[PDB]
Amino acid sequence: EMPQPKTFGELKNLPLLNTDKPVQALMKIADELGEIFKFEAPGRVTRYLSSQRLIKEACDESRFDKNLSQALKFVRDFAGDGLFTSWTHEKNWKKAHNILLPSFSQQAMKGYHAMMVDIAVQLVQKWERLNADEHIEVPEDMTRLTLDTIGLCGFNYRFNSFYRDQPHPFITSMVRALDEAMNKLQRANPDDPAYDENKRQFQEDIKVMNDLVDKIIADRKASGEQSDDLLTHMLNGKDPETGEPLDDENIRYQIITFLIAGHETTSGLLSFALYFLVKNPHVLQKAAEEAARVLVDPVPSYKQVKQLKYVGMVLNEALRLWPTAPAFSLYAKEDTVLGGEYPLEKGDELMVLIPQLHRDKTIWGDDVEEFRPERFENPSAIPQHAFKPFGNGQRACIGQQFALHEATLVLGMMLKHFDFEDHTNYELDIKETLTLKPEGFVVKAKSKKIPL
Amino acid sequence: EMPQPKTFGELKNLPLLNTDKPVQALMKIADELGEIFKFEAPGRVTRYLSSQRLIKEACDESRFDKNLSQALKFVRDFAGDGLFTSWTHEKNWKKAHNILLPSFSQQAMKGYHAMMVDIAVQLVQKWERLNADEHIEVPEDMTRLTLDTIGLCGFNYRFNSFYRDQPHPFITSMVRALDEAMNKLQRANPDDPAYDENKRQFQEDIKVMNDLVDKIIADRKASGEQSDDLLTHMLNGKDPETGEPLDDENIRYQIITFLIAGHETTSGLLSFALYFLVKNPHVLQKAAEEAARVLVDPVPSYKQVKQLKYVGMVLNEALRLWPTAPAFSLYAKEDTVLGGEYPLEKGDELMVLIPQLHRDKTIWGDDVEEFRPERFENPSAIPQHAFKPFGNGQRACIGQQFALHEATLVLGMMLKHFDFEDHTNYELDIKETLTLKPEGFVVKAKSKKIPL
Amino acid sequence: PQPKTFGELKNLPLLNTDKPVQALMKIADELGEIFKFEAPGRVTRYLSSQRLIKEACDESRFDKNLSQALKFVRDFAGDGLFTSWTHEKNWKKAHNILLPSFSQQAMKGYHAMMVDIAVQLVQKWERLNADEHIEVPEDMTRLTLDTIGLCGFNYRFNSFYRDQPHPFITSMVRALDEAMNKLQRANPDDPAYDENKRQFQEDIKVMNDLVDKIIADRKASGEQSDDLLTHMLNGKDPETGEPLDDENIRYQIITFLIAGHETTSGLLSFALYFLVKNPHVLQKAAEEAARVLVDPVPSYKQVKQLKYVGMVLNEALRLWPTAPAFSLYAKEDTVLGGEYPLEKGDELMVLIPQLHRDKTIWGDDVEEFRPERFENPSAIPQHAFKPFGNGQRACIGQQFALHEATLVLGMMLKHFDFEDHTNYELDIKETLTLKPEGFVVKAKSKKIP
Amino acid sequence: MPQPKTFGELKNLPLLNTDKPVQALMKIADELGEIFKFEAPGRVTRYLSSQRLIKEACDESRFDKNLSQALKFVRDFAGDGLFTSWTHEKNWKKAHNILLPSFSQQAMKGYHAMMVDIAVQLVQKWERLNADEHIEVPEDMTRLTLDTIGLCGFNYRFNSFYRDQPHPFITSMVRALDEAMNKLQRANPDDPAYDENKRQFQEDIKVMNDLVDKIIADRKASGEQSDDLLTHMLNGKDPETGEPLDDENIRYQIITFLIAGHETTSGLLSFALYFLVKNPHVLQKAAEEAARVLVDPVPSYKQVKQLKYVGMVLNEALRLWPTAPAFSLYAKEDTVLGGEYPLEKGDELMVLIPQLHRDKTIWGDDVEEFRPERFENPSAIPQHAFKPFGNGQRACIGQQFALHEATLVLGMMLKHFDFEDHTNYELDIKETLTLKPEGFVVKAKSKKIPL
Ligand code: MNH
Ligand code: MNH
Ligand code: MNH
Ligand code: MNH
């Protein structure tokens, strides 16, 4: 027995998620019913933890294990058995994990950084070419940056998203697919032909995505191959344990997975970091100073971008306030007892609200809402289990260091070359396409005319 | 004692079966473990056999009988009392064997061949009517051909599967059900919330298959009948021993088993044979000559298939390297010692790795991986029980001559009417749905301008 | 004479239905021979009476006018023969180039590829289960689209190998549906229509892309096929002395693809409907196909010899045309009908379906269908039967559409009987062209070659 | 006086009805001869095809610039800009004396640094292509040329490479030019057959004018310490009048320069590259010269001026296919032209540049072969023989502006790429008042040289 929102007859607790912002509404519900409230759609039942005292127990890997949320299962139609959408028990998870983790080591990050240059630059000089009347769309440009970055770094493919003014075809099809997956949780009945058009769209969109994967495999095969991208490790790499590589199906699924998960979250992070820095003009200066004093060169090396640090505080704080991956699901291997008086049968599903967890007064204090980059000056103070926006344990985000290195590079370059002034009095708008992203975020940045 | 693979505690070997390719994992395991290796899962034990000298004893009709594999047991729900899934100490198996065996014969093959041509003509016309730029998905189009062949010949129903862009609903549902069979074997815990979703799906898919069979009986019921056919021999066919016709409820099961087992195996065989013919030019040239000399008339005759010698040799060699039916299971009918080294209590289950059996270097020479049809120039020279791709004894594929007849006829016409080009130097990737088929195998086939 | 006016939006709200042309039919039966359909920013007059229509088509003072629908179609059809004025340079030029391709001898040239596609359709209907029923409009679009692809551009769409509609058809119906939806929109600058534009552009690219595919397929092949494409690429108009530039030819490929599949599929669908509804009428068509064509595959001469089916097709066009209307404008200022002055540039809309239902010229039983009514074509006065347009602007692919209809229909009727088990109630789906919706029939073969 | 076939009451206007008026007139010039008379309803024009007869046409004493019918239709949006201005117009002398000096070869050095930036974008877009992709040469050259002229002269960045489709200005301008050319081939414009064009046409002007609004607002708002064509216009007091230009004429000049200064130049680059790829030895010589002369990552002005053979190839491409298809003049009083042809006052005189180079009397025979060796020494070419940039004071003011970037950009390309004519392109030419090869595509594999 647990508090739960009102039950609508045979439809149960499902129809409360009937809005464009389902994840954002679950926070408002959690503040009411408490740290956990049971949620019950037809058949499926979940529980949403909002306080660390219980989330820490859910995160013990011997007790509980990552579960695919009702949304991630719908994602499986194009993501397949990739790292994000594969069960930990499917041999593909551990196989691909051990195969692809070497690509995110410290030594491979140095090789990726020079490729990150191309696209961070490729954003900076785009903004240097803009005239005084034009405002710049931060989410739309951050998505371009991040997608180009993951393409060129991990798959040696240039999306050239800055050379198109409207989103890349892959981006439109992907947002359609994620929007559809979020809308499928909605549908009391997805079986009715009333959504048949959606199905026709899904395959269609997937086509585009799949087609792009073809372009990434077709070129490298015929390409002059002198690079060790993530793609070479997918095609030619072998698993230490299995002893055998990935099958074609899972290779394509991993390519799709990394495109989506490598650009969406990171672009949302850059957009939120800006929103809070542009909203608070008094946080910029130090950071700016930092870049200017930390970057002796206009184009930096991995030692220089590793030497900059305060950007880490600024950026980490955006995820603490608004993580671009809002939640993850877990399940119970055995009939353990959670948080004291909570007992769970085998396979009971558990969701955790990363934003609401991070929005806990006991650990972070009463002033949770405040955007404070101060908190992260020390890594040691916060308990490990309280704050984690990249997942938990072995199922934590595999490309965390990649994401953060890219984000600091881009954000610090922005603050180094430009002066940002909020000229739109933006009201907060958080679009949910399986992920959290500021919607309509528009700012303009007067250049600092700093040469290369 | 008996070697065995790595057991993770309670679940023992069972967690190994999760991979997309279980049979290939077992082949890898057999390469290291040896002739035979034990394989114990919670609640089930089976010993996998890879050396021919053990296979010859396991195959003896007076030594070991057929046992239902763990996956075949789950297959029963749609297939059931059909011979492939029926027991040997089963009533319906004996009745159906005695009365459906006469439906396969020289006279029978003659009955089916004229109608086979039609479907093969649909295939040839589709590939002839493709534009120059287009390419052919061999396994997909082979399943397309095989369904229509078996349907039109043995059930007087045209699936019209060639007129469909996507796979037939029967194909989708059948593949998905086989998915659950395999994936629930590999499953540790039988009950869990999540599986219910799966469970739902598998009620759905099955129904489609059921629904489809309802047409064959209904269609023939309404339309004209009394034209010697498998479906006739099921409706009006009578048991010589008991003077009894088949149970209608059991006739439908027969239809399921035949539809399923008549395409997947033959289509996988055709795809594999075309693949191996593509990797070696000379082995094609010889067969392209054979098809021309043996088949002069535009439509192949019932005699002209038997006149083709090299086509059958190519098919048998391709079936040797990758037998489309990967394994069969057998239980001991009385207490025996296998090989004189391993004692087995009666009823113990042994699985047989057919592809690993064909790779035994002692019998097939020390170049087993080499694909040369010439091995089957004198098929009499092959040792006894060394080559059993279709099965063993009474329990082995009543329509194996139909398998060979359709596959030889089709492949003869394919090599006659077309020129095959490989644009990707395809990386061999084997997708397993309890049956082996190449995945991603695409070639182009230029026209040779031959009539009808 | 004018229908009801709503605000400054004039009578535009009256066309805000699924089937605008049907509403117009009601309105001229209500308001008489002619009526002015005023709209915000565009004014035209709909004409339904043979007495005025026959006068309207004389090219002395009349020239073809692009209707609003054709103006919107110009975004993808462009400068092609269908969406260009007679004054426009590419109409005269490319029409002189492509007109030799529609000669009866050239028609013989098309006959063979047409027979390939027709036998493909007859096959799909010969592989029919007893359970299966055919969707006539959906399969007929396949027949006509593959026919034009193969015969005019030597490109096999393989539409019959697709139970789902071809990507070209999906994108094209979205674009044409948008052309129809842009008429009823009160204001086009609304931001809520921005999405509608994207898919529209999306819909266009598909079409364009497929067009480009054809040009690639032709470039690398044995160059031995005489069709529309070889003519457009290399042909030269004697007076102009020049071939078509690269940008025009793409518009011509799009133009012909659309105009060859949609209107023709409509004709054969409606003709099958009418044959189904009247058993005797249909008996004669099957019987004439049997007597006149003995060969397994029709000969060109045998297609031309068929005349009952020609009556059936012309009479189906009479009751229901597939091109619903054509628009003309006054070359110079003139007066029509004696009671109406018309300044230069005032445009008229000749409504083909009501024109065919003029009681004076065709008798009172205009609603009643009978191919026997076309037993003497010269007996019928001039411009009584104008479903193909006026003068030079009349359909350049008249004989191609008629040859396909006659040939294919003869094959269908000779090969088996047709049975409307569904007793389908005629619902005409309007997408710039008149096409029935949901018309499904079962035809059990006569087992002949 | 030789005339082509008068089809009917419409004089011989149906002769230009084909979309390629210049190509048809060029065939007609081969057949009819050195001069032929072409008359439309209400106007008569003379098309000259011979250098000896054009020689008298060149003299300013008897002939001065007259706006052609096409240019007169262009004037609607172009206004009294330098291109569509009369010589006997108060704004021509003003804007000429004020803007003639801005194209100085010494003023070119200030342009160079911004002129290489847009070329950096071109080379980058090509370098950053994936192997499966190809370059639309004219479509990308138009982006380069538009950004080049806009940035160098008006300090405005169109960012044409950042838009996958052509710029809004480009589409509206192409429709305006196509419209002005279309109005040429009309017996009577009054009828409402293409009165619809009149809304569309006017619509286009808005866009262009509206875009020009932005170019006035970005210069005033932000600080503008930039010397350029627009800065010269903004202040720009004429010495003769003693008075600056008014904003009636300022916007007209901005529009005039944008259109006339990217269209023709992108056409030139495309033509020259097509010729280079069709002729491998000429290419190889020019590409190796580009390697020798350009030793810096960012080229230097002196290096662009040093390239003689790149300019020679550009001049040969211009000679064969001049981007400006024709220029027209008017006569002073009565004079005898050629000795066989007399003319009254104000008689129209339109020079057909492409056919001028085709006549044997100068370049000898083999006029159609692309041989960039005809410009070895500039002096041996007869003076008055080669006039692709106009005549006299009505010669192109941008001759200095066009060639520099043309030598620069082209040079840069030859330095960083190897070009392959995979399509084996069959030549097709489009003339929206300016000649450019339509649909010409190549693949460009990089030389991996840094910038
Ligand atoms: C912003 C940055 C960012 C955030 C907030 C982020 C958040 C997450 C969260 C939360 C999870 C756990 C999901 C779950 O249901 O348990 C997760 C898993 C994952 N993430 Mn990421 N992630 C990236 C950047 C981020 N990830 C980037 C960049 C990549 C690609 C290079 C990436 C690739 C993954 C993959 C792959 C997984 C799945 C890992 C696994 O299951 O083994 N990521
Ligand atoms: C390639 C072609 C092909 C292969 C490799 C093939 C493989 C097999 C194998 C192996 C067995 C025995 C399984 C076991 O556990 O002992 C078997 C039995 C069977 N097969 Mn088939 N089989 C076909 C073609 C093949 N079969 C075709 C074609 C049909 C139908 C027309 C068919 C119908 C059967 C039936 C029915 C059985 C059951 C025989 C029995 O149990 O009495 N088939
Ligand atoms: C049913 C068959 C059928 C009908 C009713 C039909 C109706 C018309 C009508 C009506 C017009 C012109 C009326 C106007 O003034 O705008 C017209 C013009 C045209 N049609 Mn067709 N048309 C076809 C079949 C038909 N067309 C077929 C088939 C093709 C292609 C092969 C085709 C290609 C055209 C073209 C092209 C034009 C424009 C030619 C021109 O006006 O110069 N077609
Ligand atoms: C190669 C490229 C190129 C060619 C072949 C070219 C050709 C011409 C020709 C011919 C004329 C004369 C037209 C006539 O009717 O008299 C002319 C006039 C002109 N052109 Mn430019 N021109 C440019 C590049 C060219 N122009 C560029 C670049 C600019 C702008 C920077 C430019 C700006 C003009 C202007 C302005 C005029 C009008 C000068 C005048 O008559 O006052 N130009």
# chains A, B, ... in the order shown; residues from 1 in each chain; ligands from 1
>>> residues_around(residues="residue 352 (chain D)", least_positions_apart="4", cutoff="7 Å", atoms="only C-alpha atoms", output="list in words")
residues 47, 48, 49, 325, 326, 327 and 356 of chain D
>>> residues_near_ligand(ligand="ligand 4", cutoff="6 Å", atoms="only C-alpha atoms and all ligand atoms", output="number ranges by chain")
D: 82-83, 257, 260-262, 264-265, 268, 322-324, 327-328, 388-390, 394-399, 401-402
>>> write_last_selection(atoms="C-alpha atoms", output="PDB file, in the first residue's frame")
ATOM      1  CA  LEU D  82      24.156  51.970 -62.368  1.00  0.00           C
ATOM      2  CA  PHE D  83      23.185  49.052 -64.628  1.00  0.00           C
ATOM      3  CA  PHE D 257      25.329  45.516 -57.247  1.00  0.00           C
ATOM      4  CA  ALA D 260      24.885  42.062 -61.250  1.00  0.00           C
ATOM      5  CA  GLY D 261      27.858  41.240 -59.038  1.00  0.00           C
ATOM      6  CA  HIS D 262      27.168  37.690 -58.035  1.00  0.00           C
ATOM      7  CA  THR D 264      27.645  36.820 -63.736  1.00  0.00           C
ATOM      8  CA  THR D 265      30.648  35.936 -61.578  1.00  0.00           C
ATOM      9  CA  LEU D 268      32.092  32.626 -65.009  1.00  0.00           C
ATOM     10  CA  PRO D 322      30.568  35.279 -71.668  1.00  0.00           C
ATOM     11  CA  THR D 323      28.249  35.360 -68.671  1.00  0.00           C
ATOM     12  CA  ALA D 324      26.812  38.662 -69.907  1.00  0.00           C
ATOM     13  CA  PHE D 327      24.883  44.717 -74.318  1.00  0.00           C
ATOM     14  CA  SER D 328      22.924  47.376 -76.183  1.00  0.00           C
ATOM     15  CA  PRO D 388      32.759  40.699 -72.757  1.00  0.00           C
ATOM     16  CA  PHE D 389      32.709  43.486 -70.137  1.00  0.00           C
ATOM     17  CA  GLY D 390      30.880  46.171 -72.117  1.00  0.00           C
ATOM     18  CA  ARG D 394      29.454  51.769 -70.079  1.00  0.00           C
ATOM     19  CA  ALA D 395      31.857  48.882 -69.692  1.00  0.00           C
ATOM     20  CA  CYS D 396      31.390  46.835 -66.538  1.00  0.00           C
ATOM     21  CA  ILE D 397      32.531  48.700 -63.444  1.00  0.00           C
ATOM     22  CA  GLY D 398      33.007  45.341 -61.704  1.00  0.00           C
ATOM     23  CA  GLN D 399      35.555  43.957 -64.175  1.00  0.00           C
ATOM     24  CA  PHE D 401      35.945  42.998 -58.789  1.00  0.00           C
ATOM     25  CA  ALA D 402      34.906  39.897 -60.723  1.00  0.00           C
TER      26      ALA D 402
END
>>> closest_residue(among="A:158, A:44, A:144, A:395", to="chain D", atoms="only C-alpha atoms")
A:158
>>> interface_residues(of="chain D", to="chain C", cutoff="9 Å", atoms="only C-alpha atoms", output="PyMOL selection string")
chain D and resi 14-15+17-20+24+182+185-186+191-195+428-430+438-439
>>> residues_near_ligand(ligand="ligand 2", cutoff="6 Å", atoms="only C-alpha atoms and all ligand atoms", output="VMD selection string")
chain B and resid 83 to 84 258 261 to 262 265 to 266 269 323 to 325 328 to 329 389 to 391 395 to 400 402 to 403
>>> residues_around(residues="residue 202 (chain B)", least_positions_apart="6", cutoff="9 Å", atoms="only C-alpha atoms", output="ChimeraX atom specification")
/B:173,176-177,180
>>> interface_residues(of="chain D", to="chain A", cutoff="6 Å", atoms="only C-alpha atoms", output="PDB file with C-alpha atoms, in the first residue's frame")
ATOM      1  CA  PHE D 161      26.373  28.123 -47.075  1.00  0.00           C
ATOM      2  CA  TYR D 162      24.493  27.735 -43.772  1.00  0.00           C
ATOM      3  CA  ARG D 163      21.210  27.358 -45.685  1.00  0.00           C
ATOM      4  CA  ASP D 164      20.657  24.076 -47.508  1.00  0.00           C
TER       5      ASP D 164
END
>>> interface_residues(of="chain A", to="chain B", cutoff="6 Å", atoms="only C-alpha atoms", output="VMD selection string")
chain A and resid 90 to 91 347
>>> select_by_dssp(residues="region 259-352 of chain C", states="alpha helix (DSSP H)", output="PDB file with C-alpha atoms, in the first residue's frame")
ATOM      1  CA  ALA C 259      -2.019  13.004 -65.633  1.00  0.00           C
ATOM      2  CA  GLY C 260      -1.583   9.492 -67.002  1.00  0.00           C
ATOM      3  CA  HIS C 261      -2.311   7.523 -63.908  1.00  0.00           C
ATOM      4  CA  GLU C 262      -4.987   9.418 -61.932  1.00  0.00           C
ATOM      5  CA  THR C 263      -7.516  10.455 -64.568  1.00  0.00           C
ATOM      6  CA  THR C 264      -7.226   7.101 -66.393  1.00  0.00           C
ATOM      7  CA  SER C 265      -7.561   5.006 -63.215  1.00  0.00           C
ATOM      8  CA  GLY C 266     -10.650   7.076 -62.479  1.00  0.00           C
ATOM      9  CA  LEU C 267     -12.132   6.297 -65.886  1.00  0.00           C
ATOM     10  CA  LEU C 268     -11.676   2.550 -65.618  1.00  0.00           C
ATOM     11  CA  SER C 269     -12.912   2.430 -62.006  1.00  0.00           C
ATOM     12  CA  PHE C 270     -16.117   4.272 -62.905  1.00  0.00           C
ATOM     13  CA  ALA C 271     -16.585   2.112 -66.003  1.00  0.00           C
ATOM     14  CA  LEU C 272     -16.304  -1.075 -63.946  1.00  0.00           C
ATOM     15  CA  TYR C 273     -18.860   0.382 -61.524  1.00  0.00           C
ATOM     16  CA  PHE C 274     -21.338   1.113 -64.312  1.00  0.00           C
ATOM     17  CA  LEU C 275     -20.848  -2.302 -65.933  1.00  0.00           C
ATOM     18  CA  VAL C 276     -21.475  -3.925 -62.556  1.00  0.00           C
ATOM     19  CA  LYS C 277     -24.679  -1.974 -61.928  1.00  0.00           C
ATOM     20  CA  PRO C 279     -26.057  -6.632 -66.106  1.00  0.00           C
ATOM     21  CA  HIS C 280     -27.139  -6.469 -69.764  1.00  0.00           C
ATOM     22  CA  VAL C 281     -24.814  -3.548 -70.533  1.00  0.00           C
ATOM     23  CA  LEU C 282     -21.975  -5.620 -69.066  1.00  0.00           C
ATOM     24  CA  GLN C 283     -22.958  -8.808 -70.899  1.00  0.00           C
ATOM     25  CA  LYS C 284     -22.415  -7.085 -74.218  1.00  0.00           C
ATOM     26  CA  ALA C 285     -18.967  -5.840 -73.192  1.00  0.00           C
ATOM     27  CA  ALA C 286     -17.720  -9.277 -72.165  1.00  0.00           C
ATOM     28  CA  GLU C 287     -19.292 -10.722 -75.317  1.00  0.00           C
ATOM     29  CA  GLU C 288     -17.770  -8.192 -77.721  1.00  0.00           C
ATOM     30  CA  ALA C 289     -14.367  -8.702 -76.122  1.00  0.00           C
ATOM     31  CA  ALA C 290     -14.839 -12.439 -76.686  1.00  0.00           C
ATOM     32  CA  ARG C 291     -15.951 -12.154 -80.324  1.00  0.00           C
ATOM     33  CA  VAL C 292     -13.545  -9.424 -81.448  1.00  0.00           C
ATOM     34  CA  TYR C 300      -3.613  -3.280 -81.552  1.00  0.00           C
ATOM     35  CA  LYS C 301      -6.067  -3.694 -84.435  1.00  0.00           C
ATOM     36  CA  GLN C 302      -8.295  -5.808 -82.195  1.00  0.00           C
ATOM     37  CA  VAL C 303      -8.284  -3.110 -79.509  1.00  0.00           C
ATOM     38  CA  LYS C 304      -9.321  -0.519 -82.090  1.00  0.00           C
ATOM     39  CA  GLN C 305     -12.014  -2.844 -83.482  1.00  0.00           C
ATOM     40  CA  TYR C 308     -19.141  -1.544 -77.452  1.00  0.00           C
ATOM     41  CA  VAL C 309     -16.438  -0.956 -74.841  1.00  0.00           C
ATOM     42  CA  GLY C 310     -15.665   2.381 -76.477  1.00  0.00           C
ATOM     43  CA  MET C 311     -19.303   3.285 -75.904  1.00  0.00           C
ATOM     44  CA  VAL C 312     -19.028   2.105 -72.293  1.00  0.00           C
ATOM     45  CA  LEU C 313     -15.934   4.222 -71.650  1.00  0.00           C
ATOM     46  CA  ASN C 314     -17.290   7.346 -73.347  1.00  0.00           C
ATOM     47  CA  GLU C 315     -20.585   6.977 -71.477  1.00  0.00           C
ATOM     48  CA  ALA C 316     -18.799   6.538 -68.148  1.00  0.00           C
ATOM     49  CA  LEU C 317     -16.930   9.744 -68.987  1.00  0.00           C
ATOM     50  CA  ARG C 318     -20.274  11.388 -69.745  1.00  0.00           C
ATOM     51  CA  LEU C 319     -21.822  10.569 -66.385  1.00  0.00           C
ATOM     52  CA  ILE C 352     -17.821  18.928 -67.194  1.00  0.00           C
TER      53      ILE C 352
END
